[PDB]
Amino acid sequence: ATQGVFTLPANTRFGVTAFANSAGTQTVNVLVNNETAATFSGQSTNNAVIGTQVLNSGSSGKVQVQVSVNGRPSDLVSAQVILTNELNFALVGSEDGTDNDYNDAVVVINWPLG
C-alpha cells in the first residue's frame, strides 16, 4: 500500500519534524501538492532532530514524505491518529537497511498549530 501520503484539511498550517537513528545519512523531503516544501538531512544514532518546520497544506491538502540515504529511497511505514476528535498526528517510519527497526528516519507531522 502507498505510505507517507496524507490528506490534511486544506489551507492548514502544520508542523513537520524529522529524527535520525541510523549509521546512514538521512535525507527527508516533504512535498506539498507535489512541490518540495522542506528538505532535512543529518546523521545520528541518537534521535537527532535533523529538521523541524512550519508548512501549509495549501489548496489540495496533500502532503507526502519521502526518505532517502545517499540517493537510495527508503521503504516507508505510516499512519495518522486523531485524539479527542481534534489533535492530529501523521507518522512515518523508514528503513534503509536489513534490521527492520523502521526508525532510520522518523517523521512526525502535527496539526492544528497556534
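Residues carry their position along the shown sequence, with the first being 1.
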{"item": "49 to 57 versus 78 to 86 - which carries the larger mean C-alpha B factor in the record", "value": "49 to 57"}
{"item": "Mean C-alpha temperature factor, higher of 15 to 23 and 94 to 102", "value": "94 to 102"}
{"item": "CA B-factor placement of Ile109, once the chain's modelled residues are sorted into thirds", "value": "lowest"}
{"item": "Ranked against its chain, the third holding the CA B-factor of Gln64", "value": "middle"}
{"item": "Third of the chain's Cα B-factor distribution that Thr36 belongs to, per the entry", "value": "highest"}
{"item": "Within-chain third of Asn29 by Cα B-factor, per the entry", "value": "middle"}
